[PDB]
Amino acid sequence: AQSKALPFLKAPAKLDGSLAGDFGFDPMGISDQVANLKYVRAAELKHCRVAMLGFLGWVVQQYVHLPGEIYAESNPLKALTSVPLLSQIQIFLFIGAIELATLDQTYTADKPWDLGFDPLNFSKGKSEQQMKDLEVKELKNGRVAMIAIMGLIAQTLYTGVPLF
Amino acid sequence: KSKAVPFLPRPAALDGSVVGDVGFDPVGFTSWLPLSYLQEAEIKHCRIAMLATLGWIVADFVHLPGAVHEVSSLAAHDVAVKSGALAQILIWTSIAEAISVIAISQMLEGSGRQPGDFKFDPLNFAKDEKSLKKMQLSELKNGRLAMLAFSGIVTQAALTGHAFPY
Amino acid sequence: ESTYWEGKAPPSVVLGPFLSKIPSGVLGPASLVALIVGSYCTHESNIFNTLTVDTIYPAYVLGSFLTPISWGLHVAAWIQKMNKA
Amino acid sequence: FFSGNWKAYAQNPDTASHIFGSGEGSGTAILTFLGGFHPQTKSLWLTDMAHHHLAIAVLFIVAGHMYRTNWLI
Ligand code: CLA
Ligand SMILES: C/C(C=C=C1C(C)(C)C[C@H](O)C[C@@]1(C)O)=C/C=C/C(C)=C/C=C/C=C(C)/C=C/C=C(/C=C/[C@@]12O[C@]1(C)C[C@@H](O)CC2(C)C)CO
Ligand SMILES: CC(/C=C/C=C(C)/C=C/[C@@]12O[C@]1(C)C[C@@H](O)CC2(C)C)=C\C=C\C=C(C)\C=C\C=C(C)\C=C\[C@@]12O[C@]1(C)C[C@@H](O)CC2(C)C
């Protein structure tokens, strides 16, 4: 009834109105245990962004490579082992440096997903409806990418073909 | 008192439902289970049997967009579980049924979901209540006929080897 | 509710809202049939014919599971009979 | 497993001349009843313990549905 995604079920109590992308999709009632939807939305958006970047990297590594030889592997899962540990540890340290401040931030803030990242100011001057539309676009694209990046990983692990 | 069985009395739990309540429950199963759960099970069986009867009949006549699909809908099960199609259909069916547990559990508990209702009318074939009730009765009658017909089809196609007459 | 009881038999609510509505004349014979079927399945899988890897017979196994069940069915049959059902 | 021919996982167990950690005298079975001990290591058969844990897993997963939760049963 109240779920748009599952037009027959009634959504849970915490799925209503605000927090764009709310289509009443919580059949298992996971939202009933979390105190609020702030942390789960932060986790969902982090997954969405990481999955978008992962899909883009998957395709680009399929087609484009860095000039060096160590980056010449086309299969992303094989490149996970072919690439030297120095590059991967540098990436991990960069991510952890970004992650510790946001670790302090996420567990207490009202909008843990709002990291203040807008270098090009794509949101300055946008109205509330436009901002909500942008949030919906981001969430949609992220969910589709998550499904897609998991599918790419599965098909590479099951057939060895990294794409198509 | 019953409309279907004049001898036996009308079932206590069957008074009126647009699902085709003709008071046919000689064994009193409606006393055992909630009527809503039995209605959901009946509608699920109806839809599965209709799809299966149409698929069996069609796949014996024109079904070969490839090589592994050159079977006679009797050896099709093993061939296509070896191929892997039945695995995918089972995965999606399991997802749908796992969602259906909550749908069955949201009814029998409150809400307003009628048995067998999934709000799936993309083409809007039903417009008002009268059309909805008429076509619910039609769907359930067709589903019961399809249950019996598929039972006959499998029993005959296993008692012999033949085509559409079976 | 109030499954607690002190009389001769517990209230029918202890059977759950599926066995609370079965007449005792149905549960009784059903319990006896289930017990006989389960005993025969157990005695056919084992005892009369020794078990082997090639002979497991899910019917006899599933059947044998009706013996433990039978116990519950006739307990419920007695509970229904004593509760005027 | 999917075909129901579960006996196939018990066919051809480890022989009585199997050297542990080596392919000499080994088998292809993964779930068996053998009882007793390995003739070489004097310990329970690995296929016995795998079957034991599979049976325990099935039993405990079944028994974990006993108590009531948000789905009315
Ligand atoms: C990391 C994954 C992740 C996380 C944390 C969330 C989190 C959230 N989603 Mg969400 N979503 C995701 C992935 C995820 N989503 C994907 C991939 C899709 C596309 C199908 C969606 C589609 C979607 C819709 C349409 C809606 C939500 C909503 C919500 C919010 C409320 C539901 C809730 O509390 O569930 C928390 C979820 C988890 C804790 C995840 C548990 C992990 C389970 C067990 C998944 C198990 C695996 C799965 C079955 C199969 C994956 C394998 C492969 C096939 C992909 C919450 C912020 C609702 C909303 O906006 O509310 C504000 C809403 O309406 N989501
Ligand atoms: C690519 C391909 C195959 C191939 C090819 C080529 C590339 C094309 C050509 C080459 O030459 C060969 C080859 C092989 O490569 C395509 C495959 C076919 C597809 C993609 C079709 C799928 C069939 C769908 C079926 C059969 C689903 C059945 C429905 C059920 C519903 C169940 C329900 O119970 C549920 C769960 C809820 C209930 O309420 C009611 C209902 C809805 C009835 C199952 O009962
Ligand atoms: C990357 C992406 C968006 C990236 C946006 C970025 C970085 C924007 C960053 C900024 O805005 C901020 C944040 C703040 C601004 O102030 C600054 C900038 C910097 C401007 C979306 C991708 C979104 C990506 C999506 C939605 C991908 C969907 C993929 C699908 C459907 C793939 C399917 C398949 O892969 C399978 C599954 C199997 C294959 O075999 C077959 C096919 C078909 C190829």
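In the block above lies the structure referred to throughout.
Residues numbered from 1 in each chain as written, not as in the entry; some residues may be left out. Chains lettered and ligands numbered in written order. Part of a larger assembly, values for the part shown. Heavy atoms only, no water. Residues with missing side-chain atoms left out of burial classes, pairs and counts.

Caption draft 1: The overall build of chain B, seen in detail. Along chain B, the regular secondary structure elements total five helices and zero strands. The helix and strand sequence of chain B, counted from the amino end, reads α-α-α-α-α. Taken along its principal axes, the extent of the C-alpha atoms in chain B is 55 × 35 × 30 Å. Counted over contacts in chain B with a minimum sequence separation of 6, partners at least 24 positions apart contribute 53%. (Helix = DSSP H or I, 4+ residues; strand = E, 2+ residues; numbered from the N terminus. Contact = heavy atoms within 4.5 Å.)

Caption draft 2: How the structure looks around the site of ligand 1. Residues and elements named next belong to chain A. In the vicinity of ligand 1, 16 residues are found, and the nearest of them are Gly21, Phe23, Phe25, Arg41 and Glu44. A distance of 2.6 Å separates an oxygen atom of ligand 1 from a polar backbone atom of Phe23. At 3.4 Å, a side-chain N or O of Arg143 approaches a nitrogen atom of ligand 1. Mapped onto the shell around ligand 1, the elements with two or more residues apiece are α1 (38-63) and α4 (128-159). The leading source of residues in the shell around ligand 1 is α1, at four residues. Residues belonging to the shell around ligand 1 are distributed by class as follows: seven nonpolar, four polar and five charged. (Near = heavy atom within 4 Å. Polar contact = N/O pair within 3.5 Å; in protein donor to acceptor, adjacent residues only side chain to side chain. Nonpolar A, V, L, I, M, F, W, Y, C, P; charged D, E, K, R; others polar.)

Caption draft 3: Spotlight on the site of ligand 2. All names here are of chain B. Within the structure, ligand 2 sits among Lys44, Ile48, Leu51, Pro65, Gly66, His69, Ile89, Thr93, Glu97 and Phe118. Residue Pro65 places a main-chain N or O atom 3.0 Å away from an oxygen atom belonging to ligand 2. Protein coverage of the free-state accessible area of ligand 2, which is 1,000 Å², stands at 39%. Breaking the shell around ligand 2 down by element, the ones donating at least two residues are α2 (35-61) and α4 (85-106). Here the residues of the shell around ligand 2 are counted per class, giving five nonpolar, three polar and two charged. (Areas by Shrake-Rupley, 256 points an atom, 1.4 Å probe, with all protein chains shown as cover.)

Caption draft 4: Seen up close, the nonpolar core. Within the largest apolar cluster, eight residues are counted, these being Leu15(C), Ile22(C), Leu27(C), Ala34(C), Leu73(C), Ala76(C), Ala77(C) and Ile79(C). Mapped by element, the contributors of at least two residues to this core are α2 (24-45) and α4 (66-82) of chain C. (Core = buried A, V, L, I, M, F, W, Y, C linked by side-chain atoms within 4.5 Å. Buried < 20%, exposed > 50% of the residue type's maximum accessible area, 1.4 Å probe, protein only.)

Caption draft 5: Up close: the packing of α2(B) against helix α5 (residues 129-159) of chain B. All names here are of chain B. Between α2 and α5, the least distance of the axes is 7 Å, while the angle of their chain directions is 50 degrees. Regarding the angle of α2 to α5, the classification is oblique. Handedness of the α2/α5 crossing: left-handed. Here α2 contributes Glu42, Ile43, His45, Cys46, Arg47, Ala49, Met50, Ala52, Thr53 and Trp56 to the contact with α5, which in turn contributes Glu139, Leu140, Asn142, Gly143, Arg144, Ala146, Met147, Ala149, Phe150, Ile153, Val154 and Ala157. Here the contact of α2 with α5 is built from residues that sort into 14 nonpolar, four polar and four charged. (Axes fitted to C-alpha atoms, helices over the stretch in contact; angles between N-to-C directions. Parallel < 35°, antiparallel > 145°, perpendicular 65-115°, else oblique. Left-handed = near helix turned anticlockwise from the far one by under 90°.)

Caption draft 6: View of the environment of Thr55(C). For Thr55(C), the location among the structural elements is in the loop between α2 and α3 (58-64). Sequence-wise, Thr55(C) and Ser45(C) are 10 residues apart; in three dimensions their C-alpha atoms are separated by 7.9 Å.

Caption draft 7: Layout of the packing of aromatic side chains. Under the definition given, this model contains nine aromatic pairs over all chains. Measuring from ring centre to ring centre gives 5.0 Å for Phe8(A) and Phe118(B), while their planes differ by 85 degrees; the resulting arrangement is edge-to-face. In this pair, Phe8(A) is assigned in the segment before α1 and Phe118(B) in the loop between α4 and α5, connecting two distinct chains. We classify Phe8(A) as buried; its relative accessible area is 14%. The interplanar angle of 65 degrees and the centroid separation of 6.3 Å between the aromatic rings of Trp32(B) and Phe18(C) together place this pair among those described as edge-to-face. Of this pair, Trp32(B) sits in helix α1 (residues 29-32) while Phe18(C) is found in helix α1 (residues 16-19), placing the two residues in two different chains. Above the plane of the ring of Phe118(B) lies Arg113(B), whose end atom (NZ or CZ) is 4.5 Å from the centre. (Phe/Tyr/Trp six-rings, centres within 6.5 Å; stacked < 30°, edge-to-face > 60°. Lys NZ or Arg CZ within 6 Å of the ring centre and 35° of its normal.)

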